[PDB]
$ cat start-v2.txt   # compact mmCIF, N, CA and C atoms
# COMPACT_ATOMS: atom_id res chain seq x y z
N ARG A 1 -14.00 14.95 24.69
CA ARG A 1 -14.44 14.37 23.35
C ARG A 1 -14.04 15.23 22.08
N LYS A 2 -13.22 16.25 22.27
CA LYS A 2 -12.72 17.07 21.20
C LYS A 2 -11.70 16.31 20.37
N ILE A 3 -11.28 16.88 19.25
CA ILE A 3 -10.29 16.22 18.39
C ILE A 3 -9.22 17.25 18.32
N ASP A 4 -8.03 16.71 18.41
CA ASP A 4 -6.87 17.50 18.54
C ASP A 4 -6.71 18.38 17.37
N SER A 5 -6.66 17.79 16.19
CA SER A 5 -6.50 18.62 15.02
C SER A 5 -6.70 17.93 13.70
N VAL A 6 -6.86 18.71 12.66
CA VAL A 6 -6.87 18.20 11.34
C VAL A 6 -5.99 19.07 10.47
N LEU A 7 -5.22 18.43 9.63
CA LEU A 7 -4.38 19.12 8.60
C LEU A 7 -5.04 18.93 7.25
N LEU A 8 -5.30 20.01 6.49
CA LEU A 8 -5.89 19.90 5.17
C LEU A 8 -4.80 20.26 4.06
N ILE A 9 -4.79 19.45 3.03
CA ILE A 9 -3.85 19.58 1.98
C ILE A 9 -4.67 19.67 0.76
N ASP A 10 -4.70 20.83 0.16
CA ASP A 10 -5.42 20.97 -1.06
C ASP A 10 -4.79 22.12 -1.70
N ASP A 11 -4.75 22.16 -3.00
CA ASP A 11 -4.18 23.39 -3.57
C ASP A 11 -5.27 24.47 -3.87
N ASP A 12 -6.56 24.12 -3.74
CA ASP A 12 -7.66 24.99 -3.99
C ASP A 12 -8.08 25.75 -2.66
N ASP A 13 -7.76 27.01 -2.51
CA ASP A 13 -8.08 27.64 -1.26
C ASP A 13 -9.53 27.65 -0.94
N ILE A 14 -10.40 27.91 -1.88
CA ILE A 14 -11.85 27.97 -1.53
C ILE A 14 -12.27 26.65 -0.86
N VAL A 15 -11.77 25.54 -1.35
CA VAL A 15 -12.08 24.29 -0.71
C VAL A 15 -11.44 24.21 0.65
N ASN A 16 -10.20 24.61 0.80
CA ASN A 16 -9.67 24.58 2.17
C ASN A 16 -10.52 25.42 3.04
N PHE A 17 -10.94 26.55 2.54
CA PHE A 17 -11.79 27.41 3.32
C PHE A 17 -13.11 26.79 3.66
N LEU A 18 -13.73 26.12 2.71
CA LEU A 18 -15.02 25.50 2.93
C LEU A 18 -14.87 24.41 3.87
N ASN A 19 -13.82 23.62 3.69
CA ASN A 19 -13.74 22.41 4.54
C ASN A 19 -13.53 22.87 5.99
N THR A 20 -12.80 23.94 6.14
CA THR A 20 -12.38 24.30 7.44
C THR A 20 -13.59 24.98 8.12
N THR A 21 -14.45 25.68 7.36
CA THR A 21 -15.78 26.11 7.89
C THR A 21 -16.64 24.92 8.40
N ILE A 22 -16.68 23.87 7.59
CA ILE A 22 -17.62 22.78 7.80
C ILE A 22 -17.12 22.04 9.00
N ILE A 23 -15.77 21.98 9.19
CA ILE A 23 -15.20 21.48 10.47
C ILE A 23 -15.48 22.42 11.69
N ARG A 24 -15.32 23.73 11.50
CA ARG A 24 -15.80 24.64 12.48
C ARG A 24 -17.30 24.35 12.87
N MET A 25 -18.26 24.42 11.93
CA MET A 25 -19.67 23.98 12.17
C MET A 25 -19.84 22.70 12.96
N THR A 26 -18.79 21.92 13.11
CA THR A 26 -18.96 20.61 13.78
C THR A 26 -18.67 20.70 15.35
N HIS A 27 -18.04 21.79 15.73
CA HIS A 27 -17.64 21.99 17.10
C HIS A 27 -16.84 20.89 17.78
N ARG A 28 -16.36 19.93 17.02
CA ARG A 28 -15.61 18.87 17.61
C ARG A 28 -14.07 18.87 17.45
N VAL A 29 -13.44 19.88 16.87
CA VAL A 29 -12.00 19.82 16.57
C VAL A 29 -11.31 21.01 17.20
N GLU A 30 -10.17 20.77 17.83
CA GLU A 30 -9.36 21.83 18.44
C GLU A 30 -8.59 22.84 17.60
N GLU A 31 -7.85 22.40 16.60
CA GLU A 31 -7.08 23.33 15.76
C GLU A 31 -7.10 22.90 14.31
N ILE A 32 -7.19 23.83 13.37
CA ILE A 32 -7.24 23.39 11.98
C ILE A 32 -6.11 24.07 11.19
N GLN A 33 -5.28 23.30 10.48
CA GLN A 33 -4.37 23.96 9.54
C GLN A 33 -4.43 23.44 8.10
N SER A 34 -3.78 24.15 7.25
CA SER A 34 -4.02 24.01 5.87
C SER A 34 -2.67 24.15 5.10
N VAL A 35 -2.30 23.28 4.13
CA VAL A 35 -1.16 23.56 3.24
C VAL A 35 -1.66 23.39 1.87
N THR A 36 -1.02 23.96 0.86
CA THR A 36 -1.52 23.79 -0.53
C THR A 36 -0.60 22.95 -1.45
N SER A 37 0.26 22.13 -0.87
CA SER A 37 0.91 21.20 -1.77
C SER A 37 1.59 20.14 -1.02
N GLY A 38 2.02 19.19 -1.81
CA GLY A 38 2.47 17.88 -1.29
C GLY A 38 3.79 18.12 -0.62
N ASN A 39 4.64 18.92 -1.22
CA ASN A 39 5.94 19.16 -0.60
C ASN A 39 5.75 20.07 0.61
N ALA A 40 5.03 21.20 0.53
CA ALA A 40 4.65 21.98 1.68
C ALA A 40 4.08 21.03 2.71
N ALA A 41 3.26 20.03 2.33
CA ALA A 41 2.76 19.06 3.35
C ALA A 41 3.86 18.34 4.14
N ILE A 42 4.77 17.59 3.47
CA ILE A 42 6.07 17.11 4.00
C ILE A 42 6.76 18.15 4.95
N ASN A 43 7.03 19.33 4.47
CA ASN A 43 7.75 20.24 5.29
C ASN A 43 7.01 20.50 6.57
N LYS A 44 5.69 20.69 6.52
CA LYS A 44 4.88 20.88 7.71
C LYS A 44 4.72 19.63 8.61
N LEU A 45 4.40 18.48 8.06
CA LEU A 45 4.28 17.26 8.85
C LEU A 45 5.64 16.95 9.58
N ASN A 46 6.72 17.22 8.83
CA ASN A 46 8.13 17.12 9.23
C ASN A 46 8.32 18.07 10.38
N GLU A 47 7.96 19.31 10.23
CA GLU A 47 8.11 20.23 11.32
C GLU A 47 7.32 19.75 12.50
N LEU A 48 6.19 19.14 12.23
CA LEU A 48 5.34 18.49 13.23
C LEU A 48 5.84 17.23 13.90
N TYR A 49 6.55 16.36 13.21
CA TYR A 49 7.00 15.12 13.86
C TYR A 49 7.90 15.47 15.00
N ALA A 50 8.63 16.52 14.72
CA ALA A 50 9.63 17.17 15.51
C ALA A 50 9.01 17.64 16.80
N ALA A 51 7.69 17.52 16.89
CA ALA A 51 6.95 17.89 18.09
C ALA A 51 6.07 16.72 18.53
N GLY A 52 5.52 16.71 19.74
CA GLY A 52 4.64 15.57 20.07
C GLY A 52 3.67 15.44 18.91
N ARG A 53 3.36 16.63 18.33
CA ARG A 53 2.39 16.87 17.21
C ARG A 53 2.44 15.92 15.97
N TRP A 54 1.24 15.44 15.61
CA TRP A 54 0.92 14.76 14.39
C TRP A 54 -0.55 15.04 14.26
N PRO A 55 -1.00 15.56 13.09
CA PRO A 55 -2.42 15.84 13.00
C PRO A 55 -3.25 14.57 13.24
N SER A 56 -4.23 14.81 14.14
CA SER A 56 -5.26 13.85 14.42
C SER A 56 -5.95 13.25 13.16
N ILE A 57 -6.31 14.12 12.18
CA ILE A 57 -6.78 13.72 10.82
C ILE A 57 -6.06 14.49 9.72
N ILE A 58 -5.81 13.82 8.62
CA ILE A 58 -5.24 14.42 7.46
C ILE A 58 -6.12 14.23 6.25
N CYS A 59 -6.44 15.33 5.60
CA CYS A 59 -7.14 15.32 4.31
C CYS A 59 -6.26 15.88 3.24
N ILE A 60 -6.35 15.23 2.09
CA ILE A 60 -5.49 15.38 1.01
C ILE A 60 -6.28 15.31 -0.22
N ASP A 61 -6.20 16.35 -1.07
CA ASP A 61 -6.79 16.38 -2.41
C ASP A 61 -5.97 15.44 -3.36
N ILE A 62 -6.53 14.48 -4.10
CA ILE A 62 -5.78 13.73 -5.04
C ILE A 62 -5.14 14.64 -6.11
N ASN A 63 -5.96 15.41 -6.77
CA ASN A 63 -5.47 16.19 -7.86
C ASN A 63 -4.89 17.45 -7.38
N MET A 64 -3.61 17.60 -7.64
CA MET A 64 -2.86 18.73 -7.12
C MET A 64 -1.73 18.97 -8.08
N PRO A 65 -1.41 20.24 -8.32
CA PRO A 65 -0.22 20.64 -9.08
C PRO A 65 0.93 20.18 -8.30
N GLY A 66 1.84 19.57 -9.06
CA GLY A 66 3.01 18.86 -8.50
C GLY A 66 2.46 17.47 -8.26
N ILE A 67 3.18 16.82 -7.38
CA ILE A 67 2.86 15.50 -7.03
C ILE A 67 1.41 15.38 -6.52
N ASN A 68 0.77 14.31 -6.94
CA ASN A 68 -0.59 14.18 -6.50
C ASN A 68 -0.75 13.48 -5.03
N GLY A 69 -1.98 13.16 -4.57
CA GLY A 69 -2.20 12.64 -3.17
C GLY A 69 -1.70 11.22 -3.05
N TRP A 70 -1.81 10.47 -4.15
CA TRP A 70 -1.15 9.10 -4.19
C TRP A 70 0.41 9.11 -4.05
N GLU A 71 1.09 9.90 -4.87
CA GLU A 71 2.49 10.16 -4.59
C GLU A 71 2.71 10.74 -3.16
N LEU A 72 1.86 11.59 -2.63
CA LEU A 72 2.19 12.04 -1.31
C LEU A 72 2.11 10.82 -0.33
N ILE A 73 1.11 9.98 -0.51
CA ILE A 73 1.07 8.84 0.35
C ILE A 73 2.26 7.91 0.20
N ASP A 74 2.62 7.60 -1.05
CA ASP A 74 3.82 6.82 -1.34
C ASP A 74 4.96 7.44 -0.59
N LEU A 75 4.95 8.74 -0.36
CA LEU A 75 6.13 9.31 0.29
C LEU A 75 5.97 9.12 1.77
N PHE A 76 4.73 9.25 2.27
CA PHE A 76 4.45 8.97 3.66
C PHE A 76 4.97 7.53 4.02
N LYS A 77 4.66 6.58 3.13
CA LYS A 77 5.03 5.19 3.21
C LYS A 77 6.49 5.07 3.34
N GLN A 78 7.18 6.16 3.19
CA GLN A 78 8.57 5.93 3.03
C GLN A 78 9.40 6.89 3.91
N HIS A 79 8.74 7.84 4.55
CA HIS A 79 9.43 8.91 5.24
C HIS A 79 8.87 8.77 6.66
N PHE A 80 7.59 8.39 6.71
CA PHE A 80 6.79 8.59 7.92
C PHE A 80 6.16 7.34 8.47
N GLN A 81 6.65 6.15 8.13
CA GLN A 81 6.05 4.96 8.64
C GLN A 81 5.91 4.85 10.21
N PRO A 82 6.84 5.51 11.03
CA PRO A 82 6.39 5.70 12.43
C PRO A 82 4.79 5.89 12.62
N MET A 83 4.25 6.80 11.85
CA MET A 83 2.91 7.24 12.03
C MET A 83 1.92 6.51 11.22
N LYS A 84 2.26 5.39 10.67
CA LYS A 84 1.28 4.90 9.80
C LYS A 84 0.03 4.79 10.55
N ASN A 85 0.03 4.34 11.77
CA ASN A 85 -1.24 4.23 12.49
C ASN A 85 -1.54 5.19 13.59
N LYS A 86 -0.77 6.25 13.72
CA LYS A 86 -1.08 7.32 14.68
C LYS A 86 -1.92 8.35 13.90
N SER A 87 -2.11 8.13 12.59
CA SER A 87 -3.04 9.01 11.81
C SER A 87 -4.25 8.34 11.12
N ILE A 88 -5.25 9.22 10.96
CA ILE A 88 -6.45 8.98 10.19
C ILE A 88 -6.40 9.90 8.98
N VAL A 89 -6.41 9.28 7.82
CA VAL A 89 -6.26 9.82 6.50
C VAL A 89 -7.45 9.70 5.61
N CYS A 90 -7.90 10.90 5.23
CA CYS A 90 -9.01 11.06 4.26
C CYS A 90 -8.49 11.68 2.96
N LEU A 91 -8.78 11.02 1.85
CA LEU A 91 -8.48 11.46 0.51
C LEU A 91 -9.72 12.05 -0.14
N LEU A 92 -9.59 13.08 -0.95
CA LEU A 92 -10.78 13.69 -1.53
C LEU A 92 -10.60 13.83 -3.03
N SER A 93 -11.68 13.83 -3.81
CA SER A 93 -11.47 13.99 -5.22
C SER A 93 -12.75 14.60 -5.64
N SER A 94 -12.67 15.64 -6.40
CA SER A 94 -13.91 16.21 -6.84
C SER A 94 -14.86 15.20 -7.39
N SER A 95 -14.32 14.45 -8.37
CA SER A 95 -15.08 13.42 -8.96
C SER A 95 -14.71 12.04 -8.48
N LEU A 96 -15.70 11.27 -8.14
CA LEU A 96 -15.36 10.08 -7.39
C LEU A 96 -15.00 8.97 -8.39
N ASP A 97 -13.97 8.22 -8.14
CA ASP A 97 -13.80 7.10 -9.09
C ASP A 97 -13.56 5.71 -8.43
N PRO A 98 -14.19 4.65 -9.00
CA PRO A 98 -14.05 3.26 -8.51
C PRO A 98 -12.58 2.76 -8.29
N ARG A 99 -11.67 3.02 -9.25
CA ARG A 99 -10.21 2.68 -9.17
C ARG A 99 -9.66 3.14 -7.85
N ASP A 100 -9.72 4.46 -7.71
CA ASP A 100 -9.30 5.11 -6.47
C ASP A 100 -9.99 4.66 -5.20
N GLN A 101 -11.26 4.34 -5.23
CA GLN A 101 -11.92 3.87 -4.04
C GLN A 101 -11.25 2.60 -3.60
N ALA A 102 -11.01 1.72 -4.55
CA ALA A 102 -10.30 0.46 -4.32
C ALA A 102 -8.90 0.60 -3.75
N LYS A 103 -8.08 1.51 -4.26
CA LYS A 103 -6.75 1.74 -3.71
C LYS A 103 -6.77 2.24 -2.28
N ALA A 104 -7.62 3.20 -2.01
CA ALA A 104 -7.92 3.67 -0.65
C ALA A 104 -8.24 2.54 0.37
N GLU A 105 -9.16 1.69 -0.04
CA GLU A 105 -9.48 0.47 0.78
C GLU A 105 -8.27 -0.37 0.95
N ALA A 106 -7.57 -0.64 -0.18
CA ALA A 106 -6.28 -1.38 -0.13
C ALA A 106 -5.44 -0.69 0.93
N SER A 107 -4.95 0.49 0.58
CA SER A 107 -3.95 1.16 1.35
C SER A 107 -4.30 1.23 2.83
N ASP A 108 -3.28 0.96 3.63
CA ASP A 108 -3.34 0.97 5.08
C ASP A 108 -3.00 2.28 5.70
N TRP A 109 -2.61 3.19 4.80
CA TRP A 109 -2.43 4.61 5.10
C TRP A 109 -3.75 5.39 4.87
N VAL A 110 -4.62 4.94 3.97
CA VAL A 110 -5.85 5.69 3.75
C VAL A 110 -7.11 5.02 4.27
N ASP A 111 -7.69 5.76 5.19
CA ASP A 111 -8.86 5.36 5.92
C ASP A 111 -10.12 5.79 5.27
N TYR A 112 -10.12 6.56 4.16
CA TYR A 112 -11.43 7.01 3.62
C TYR A 112 -11.28 7.83 2.35
N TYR A 113 -12.32 7.91 1.55
CA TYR A 113 -12.14 8.49 0.25
C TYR A 113 -13.43 9.14 -0.01
N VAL A 114 -13.52 10.49 -0.12
CA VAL A 114 -14.84 11.10 -0.46
C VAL A 114 -14.78 12.21 -1.54
N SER A 115 -15.95 12.75 -1.96
CA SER A 115 -15.99 13.87 -2.85
C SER A 115 -15.72 15.13 -2.06
N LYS A 116 -15.79 16.29 -2.72
CA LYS A 116 -15.51 17.56 -2.02
C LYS A 116 -16.68 18.56 -1.94
N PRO A 117 -16.74 19.40 -0.85
CA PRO A 117 -15.94 19.54 0.39
C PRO A 117 -16.40 18.43 1.32
N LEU A 118 -15.72 18.24 2.47
CA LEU A 118 -16.21 17.45 3.63
C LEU A 118 -17.74 17.60 3.94
N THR A 119 -18.46 16.50 4.31
CA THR A 119 -19.80 16.63 4.80
C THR A 119 -19.82 16.35 6.27
N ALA A 120 -20.96 16.57 6.91
CA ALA A 120 -20.94 16.34 8.34
C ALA A 120 -20.88 14.82 8.61
N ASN A 121 -21.50 14.02 7.75
CA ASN A 121 -21.45 12.62 8.00
C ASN A 121 -20.01 12.16 7.95
N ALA A 122 -19.27 12.57 6.90
CA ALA A 122 -17.93 12.07 6.67
C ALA A 122 -17.08 12.52 7.82
N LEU A 123 -17.24 13.76 8.29
CA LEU A 123 -16.42 14.15 9.39
C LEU A 123 -16.74 13.27 10.64
N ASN A 124 -17.99 12.80 10.78
CA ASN A 124 -18.39 12.02 11.97
C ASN A 124 -17.73 10.67 12.04
N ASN A 125 -17.64 9.96 10.94
CA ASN A 125 -16.86 8.76 10.92
C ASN A 125 -15.41 9.06 11.16
N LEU A 126 -14.90 10.15 10.65
CA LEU A 126 -13.50 10.44 10.87
C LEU A 126 -13.25 10.62 12.32
N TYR A 127 -14.15 11.30 12.99
CA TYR A 127 -14.05 11.47 14.41
C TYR A 127 -14.17 10.12 15.10
N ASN A 128 -15.15 9.32 14.73
CA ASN A 128 -15.22 7.91 15.23
C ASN A 128 -14.06 6.98 14.97
N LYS A 129 -13.35 7.25 13.90
CA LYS A 129 -12.18 6.49 13.62
C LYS A 129 -11.09 7.00 14.57
N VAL A 130 -10.98 8.28 14.86
CA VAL A 130 -9.92 8.72 15.75
C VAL A 130 -10.18 8.25 17.15
N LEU A 131 -11.46 8.02 17.49
CA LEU A 131 -11.87 7.62 18.86
C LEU A 131 -11.85 6.11 19.13
N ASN A 132 -12.10 5.32 18.11
CA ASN A 132 -11.94 3.92 18.22
C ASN A 132 -10.51 3.68 17.84
N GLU A 133 -9.71 4.72 17.95
CA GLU A 133 -8.32 4.61 17.58
C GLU A 133 -7.82 3.26 17.99

$ encode --input "start-v2.txt" --output "structure tokens"
Amino acid sequence: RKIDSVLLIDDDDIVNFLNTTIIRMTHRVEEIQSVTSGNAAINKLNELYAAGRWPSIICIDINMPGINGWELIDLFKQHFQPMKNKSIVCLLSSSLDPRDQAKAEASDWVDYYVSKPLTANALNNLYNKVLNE
């Protein structure tokens, strides 16, 4: 019942650190990694496709120096459509907004949209989404 992994994309280290603690507190995930930008994300997911590997869950901060989480998804839509459904994608935004909630629901790449850091509830649905895969 473990989860293979989660990749976190945020440019704020304290948040990556917090989120990755709160995932540790959950005892349900095998490996956790972290990148701090959209292009570093590409390079890593890319290095990953190249392996059986694809993160079990992906979290992405909307607001990021350089391209934001929406542009990163637009790029996923275009580089990585193999995986559109081999992943579970969570978007995060410090401040929650209705516009964005709606796009997340729209988008078939984004499975969820929350504030920051991860909570235990949010991680539980994410785990349930990977299991009702």

$ select_by_dssp --input "start-v2.txt" --residues "chain A" --states "helix (DSSP H, G or I)" --output "ChimeraX atom specification"
/A:13-24,38-49,69-79,81-83,98-106,120-131

$ residues_around --input "start-v2.txt" --residues "stretch 87-101 of chain A" --least-positions-apart "2" --cutoff "9 Å" --atoms "only C-alpha atoms" --output "ChimeraX atom specification"
/A:54-63,69,83-85,103-106,109-118,126,129-130,133

$ atom_distance --input "start-v2.txt" --atom1 "atom CA of residue A:67" --atom2 "atom CA of residue A:21"
26.1 Å

$ select_by_dssp --input "start-v2.txt" --residues "stretch 2-131 of chain A" --states "strand (DSSP E)" --output "PyMOL selection string"
chain A and resi 3-9+29-35+57-61+88-92+112-114

$ axis_aligned_box --input "start-v2.txt" --around "stretch 10-22 of chain A" --padding-each-side "6 Å" --output "AutoDock Vina command-line options"
--center_x -10.9 --center_y 24.4 --center_z 2.5 --size_x 25.4 --size_y 19.1 --size_z 25.0

$ residues_around --input "start-v2.txt" --residues "residue A:79" --least-positions-apart "5" --cutoff "12 Å" --atoms "only C-alpha atoms" --output "number ranges by chain"
A: 42-43, 45-46, 49, 72-74, 84
